[PDB]
Amino acid sequence: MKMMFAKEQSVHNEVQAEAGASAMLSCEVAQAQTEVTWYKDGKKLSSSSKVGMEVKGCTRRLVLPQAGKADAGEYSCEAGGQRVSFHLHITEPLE
């Protein structure tokens, strides 16, 4: 049991942005680091060539430095008892 409590990165609000903008919805577990089944509406998690999905030793972080039209939608994450609610209303000025 480590006392390294990370700053709460588990977003839970509705924020908008532009196309190619930088959206950030990361989930960090500082307790019984349980695997969390995360999914976004429109973005399918692959390797890393498309979006910037990295796997942290502790939890996982959904870094998307290009919030686009196809990235707009609702984000639902089911963590060990905790959850993330991040609604991104992105714009389409680019492509």
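Nothing in this text is a laboratory measurement; each read-out follows from the coordinates by a stated rule. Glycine gets a Cβ as well: all are built from the backbone with ideal geometry, and neighbour counts include every protein chain shown.
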Per-region count, the range 45-75, residues closer than 22 Å to residue 91 by Cβ and either surrounded by 14 or more Cβ atoms within 10 Å (Cβ to Cβ) or out of contact with any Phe, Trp or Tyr (no Cβ under 9 Å at 6 or more places or on another chain) (or both): 16
Which one of these does residue 88 not meet: (1) hydrophobic (A, V, I, L, M, F, W, C); (2) farther than 30 Å from residue 1 by Cα; (3) part of a loop (DSSP other than H, G, I, E, B)? (3)
Test residue 91 against the criterion of being among the polar types (S, T, N, Q) and crowded, with 17+ Cβ neighbours inside 10 Å, and give yes or no. no
Need pairs with beta-carbon distance below 7 Å; first residue under 12 Å from residue 20 (Cα atoms) and without any contact (Cβ under 8 Å) to a residue 60 or more places away in the chain and within the range 70-95, second charged (D, E, K, R) and not in a strand (DSSP E or B); sequence gap 6+ or separate chains. 71/43
Got a number for residues in the range 27-59 being touching a residue at least 12 places away in the same chain (Cβ under 8 Å), of a type in the set (A, V, I, L, M, F, W, C) and out of contact with any strand residue (DSSP E or B) (no Cβ under 7 Å at 6 or more places or on another chain)? 4
The correct count of residues that are among the hydroxyl-bearing types (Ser, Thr, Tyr) and in a loop (DSSP other than H, G, I, E, B) in the range 51-78 is 1
